[PDB]
Ligand SMILES: CC(=O)N[C@@H]1[C@@H](O[C@@H]2O[C@H](CO)[C@H](O)[C@H](O)[C@H]2O[C@@H]2O[C@@H](C)[C@@H](O)[C@@H](O)[C@@H]2O)[C@H](O)[C@@H](CO)O[C@@H]1O
């Protein structure tokens, strides 16, 4: 059996997929895997798909620029892999679900919101705000827990010639908004946004999420941010953190390996912290950032791909992924963490800090509309002065209500 496997090359690198594929072929001598890894995995497989040649299994989460996963989800072109949760992990005698940590099978994995899983969870990386711990301590600053403190810090930093905030690409606001929305309104309000409850963007809580972000990207943003907020130059904005020209950026644990070969200010130490909330004593949420592994409905070897998918939750697979910081969402995989990951996961141990996860529902779609463009990509426009706060809200409410109608 020959499996065609396409995987996204992100901050964790592609060598881990080469080694994992090699390790599966050593365990399972009857399976050969043709692995394709690429930073542009959409452009690789989409021509073959529209020509009839589909890969058997794809590693690509929600949130890409092309939105390939969401598109195939809209065309009902992604195989139901709920039975993968019950499969025996190759090399072991445990089921996939026996090994999964809590709070990783949800709206992201069940984009139609039922009991059917279509995107199996990949990785397990906390997202929040990444900064230089040493730079903050050198200036006598403490990590803000509220946005009032965050903007007062922005003023203090601005007086020293340091921008408060930057971001790699606008897409990185999926984790940011997941935290900020849940911080302000709570869990039910969060699910309501993700599932397009009518007029949810007209609520005071959704307006406050937009006002806070509007103030951030229009008054406390590194001036070079939007010009570099693309797939080719996103690391430039990330470098401004290592250079000390920007304090904070929304990011996840892949940043450590992704910026492994980069210069940085003397004494640089990674800092990690939840996005601040708006109210004293409010819960702060860290985003469980996962990507997805999935099988197209047109795949020709679904059964062999499912068995290989189960192997991605094995101890062997987890130890290979872990070398670059990619922590598979299996139990105990945060025990015995590498030192460079401790600052990130230790944020879960802070008082009144919990987890948030999920993405937008795929149960409805409207031609010409894209809620992820209206919420995430619209930051670039808002930061550029092309979109007012009222225009931002009106667009989100219109798109969300339209999606509600379907
Ligand atoms: C620029 C890039 O590819 N970065 C990836 C990173 O993808 C981003 O992950 C964050 C998580 O908050 C957001 O989902 C963001 O939208 C992602 O960026 C998109 O992904 C790719 C496909 C690209 O088209 C971008 O233009 C999009 O903005 C990965 O999470 C990370 C780990 O694999 O590696 C890279 O850094």
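Numbering (mature numbering (1 follows the signal peptide of the UniProt record, and there is no 0)), first residue to last: 13 to 418. From the three backbone atoms N, C-alpha and C, an ideal C-beta is built for every residue, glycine too.
Environment of residue i [buried if 16+ CB atoms lie within 10 Å]
i	result
residue 275	exposed
residue 374	buried
residue 263	buried
residue 340	buried
residue 183	buried
residue 64	exposed
residue 23	buried
residue 409	buried
residue 77	exposed
residue 364	exposed
residue 151	exposed
residue 239	exposed
residue 361	exposed
residue 244	exposed
residue 393	buried
residue 34	exposed
residue 18	buried
residue 74	buried
Top-ranked residue by Cα proximity to residue i, from the options
i	options	result
residue 118	111, 29, 129	129
residue 177	46, 403, 137, 224	224
residue 125	403, 352, 77, 376	376
residue 214	403, 15, 20, 169	403
residue 378	417, 153, 90, 400	417
residue 12	369, 305, 217, 164	Any property of residue 12 remains undetermined from this structure, which presents the chain solely from 13 to 418.
residue 272	14, 32, 25, 16	25
residue 190	114, 171, 297, 228	297
residue 139	390, 334, 353	353
residue 326	59, 62, 43, 99	99
residue 257	170, 60, 350, 155	170
residue 286	123, 73, 168, 156	156
residue 185	228, 198, 308, 252	228
residue 231	346, 338, 219, 165	165
residue 249	149, 280, 179	179
residue 389	241, 172, 103	241
residue 282	398, 342, 207, 356	356
residue 246	162, 333, 259, 270	270
residue 222	209, 188, 207	188
residue 302	111, 279, 84, 136	136
residue 102	336, 43, 57	43
residue 97	400, 342, 161	342
residue 218	141, 90, 69, 405	405
One or two residues paired with residue i in a DSSP bridge
i	result
residue 264	139
residue 258	175
residue 6	The requested residue 6 is not part of the displayed model; the chain covers only 13 to 418.
residue 20	50
residue 132	305
residue 332	None; residue 332 has no bridge partner.
residue 285	141
residue 107	100
residue 342	112
Three-state class that DSSP yields for residue i in the structure shown
i	result
residue 6	Not covered by the structure: residue 6. The range shown for the chain is 13 to 418.
residue 71	strand
residue 62	helix
residue 280	coil
residue 318	helix
residue 144	strand
residue 349	coil
residue 164	helix
residue 157	coil
residue 90	strand
residue 411	helix
residue 38	helix
residue 124	coil
residue 312	coil
residue 273	coil
residue 323	helix
residue 291	coil
residue 117	coil
residue 417	helix
residue 26	coil
residue 77	coil
residue 361	helix
residue 181	coil
Exercise. Fully enclosed by the region 363-399, which alpha helix (DSSP H) runs are 4 residues long or longer?
Worked result: Taking only runs of at least 4 residues, the alpha helix (DSSP H) segments lying wholly in the region 363-399 are 390-396.
Exercise. At which residue ranges does the region 184-265 contain complete beta strand (DSSP E) runs of 3 or more residues, listed in the order of the chain?
Worked result: Correct list: 258-264.
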